[PDB]
Structures are given as C-alpha cells and as structure tokens.
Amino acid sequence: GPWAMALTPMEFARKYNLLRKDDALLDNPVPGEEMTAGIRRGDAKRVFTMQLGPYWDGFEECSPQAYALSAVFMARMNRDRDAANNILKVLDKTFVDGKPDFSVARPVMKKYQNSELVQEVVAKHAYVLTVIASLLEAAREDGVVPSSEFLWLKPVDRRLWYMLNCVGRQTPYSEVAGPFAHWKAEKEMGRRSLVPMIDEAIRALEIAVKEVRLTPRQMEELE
C-alpha cells in the first residue's frame, strides 16, 4: 500500500465521494455527453485544500525528508553537486539498511538556505509543497535531477513523492492536484498566497470525470 499506483481521476473521485448526478445534463441533456457524472465542487474544494499541507515556516520546521531534499536542490541551485550527491548517496545506503538520517543534509541547509536564489523561491511561495516544487525546478537549471534519485521517498512521503514527480509534467496526479494548482497560481500571480488557490484542480477533475462513461447501474447509484 506504500507502493500503489497513483489513483486515476475517477478512482480519486470515488475514494472521496465526489461524484454526483449532473443536473445541468439531467434537466438539459447535451448530445455527446451521456452517461457521465458530475463533481461535488464544495467537497472537492475541501479535499484539494487538505492536500496543500503546512505553510512554509522555516526549513527547520520542515519534515526530515522535505528538509533533506530541499538541501539537495539548494546545493544544486548553488552549483554544488558533491554536497547534493553526497546527501543522495547516504540516504541511498541507509535506505538499503533500516532507516536513514536525513541529518546528513543539515550542513548543506546551513550553508545555502540564506543564499540569494533560495531566498527568491521562499519569498514567492507560501506552502512547504510549493516552495520545494520551485526548488526542484530551479535545481534542474544546473542539470539532471530525476525523481529516480530519490525513489526511497515514495514509502516515506507519498504526497511529497507525487508533488516532486509532477514537477515538469503538465498534468499532475489527482492526489497532488491541489498543491500543483496552487504552485502554478503562485507563479502566475507573481507572489506567495496563503489563501488556497485550488480552483484549477476542481475544473480539471470535472473534465477528467466527464470523459468516463458510467454504466446504468452506476448512473442510478449517483446521489
């Protein structure tokens, strides 16, 4: 269960009771749109909002894994691969063994957290997830940083793993669609936002749900 596939949009919507009878269609049927559910927008706002996670409030307050990965991407932003790789290898080796110390990253955090490029990112994003996404995107200015290199993350932190895997994708997994939409909104607004900006997640979920035909049993099952 630490290693399941990402939920598809339809599976996400069923897992969180987000499907409804679509009464715009059920009172005004549109040709080429039959046998499709609608989405409960209010409940989806809640769900996407709860994916956003904690506000950024100093790197020392981050999770151990977010801390140590931020340090790597910092080190890369600042063009220091051996600090970056060294953290990658220690976490790799201790992943083979029982549990890792992310504490290997502390010296690199200390050295780069107040650096110009890191301070630009933190200025411009308000959530841990959206800070670190932007930190990954800047570290890929240096070169190659695939999610490969921190494969160990998926069982530790499913959400963080999916957020970081969608950096560079155009469409995110439904389980990180909230912070991804918010990250983009921050980027479009040119500032950090503490107010959740997750509407694009809802619109995309609606659309993805509209592309899937239900059976009649399934249509009657909608409330």
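Start at 1 with the first residue shown and count on from there.
In this entry, the higher average B-factor at the C-alpha atoms falls on 97 to 105, of the pair 97 to 105 and 146 to 154. As listed in the deposited structure, the average C-alpha B-factor of 192 to 200 and of 60 to 68 is greater for 60 to 68. Residue-level inspection of the entry shows that, of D43, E34, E186, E175, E34 has the top Cα B-factor. Ranked against the other modelled residues of its chain, the C-alpha B-factor of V30 as given in the entry falls in the highest third. When the modelled residues of the chain are ordered by their C-alpha B factor, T130 lands in the lowest third. When all modelled residues of the chain are sorted by CA temperature factor, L117 is found within the middle third. For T49, the recorded CA temperature factor ranks within the lowest third of the chain's modelled residues. Among all modelled residues in this chain, the alpha-carbon of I87 has a temperature factor (C-alpha) in the highest third.
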